[PDB]
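Read the single chain below, which is given as structure tokens and is the form deposited in one PDB entry.
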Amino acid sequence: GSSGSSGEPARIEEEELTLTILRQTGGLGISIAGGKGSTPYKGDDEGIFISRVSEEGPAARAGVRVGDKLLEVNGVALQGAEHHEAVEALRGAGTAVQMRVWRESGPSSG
């Protein structure tokens, strides 16, 4: 038959993703947690991660998932940004709101 020959060890690590949310009123329907200064959401990571995802909201539609490490928002860099910074960013967005989250291709643990 055949034997183990191939190899090529591939590295695994969350990837960058971009989602588009719609704003027809007020703001979106998600929750953020972390931000420099306050406690992190995931381990020792001073990043802005999703704390909640309104089941029946605009985000849910976009395809946002709790735990997603926000990287950008409407172009704004939410990299290790303070709560305010993040919050503000969110506030700063029109109808269509683009949010760049970080996640690994597929479900992780659960």
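Start at 1 with the first residue shown and count on from there.
Separately, the form deposited with a partner chain bound exists; it is not shown, and the next lines address it.
- Although the partner is absent here, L78 lies well away from its partner chain in the entry with it bound, with no heavy atom inside 4.5 Å.
- Contact check for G57: no non-hydrogen atom falls within 4.5 Å of its partner chain in the entry with it bound.
- Interface residue remark: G29 is counted as part of the site for its partner chain in the entry with it bound, having a heavy atom within 4.5 Å.
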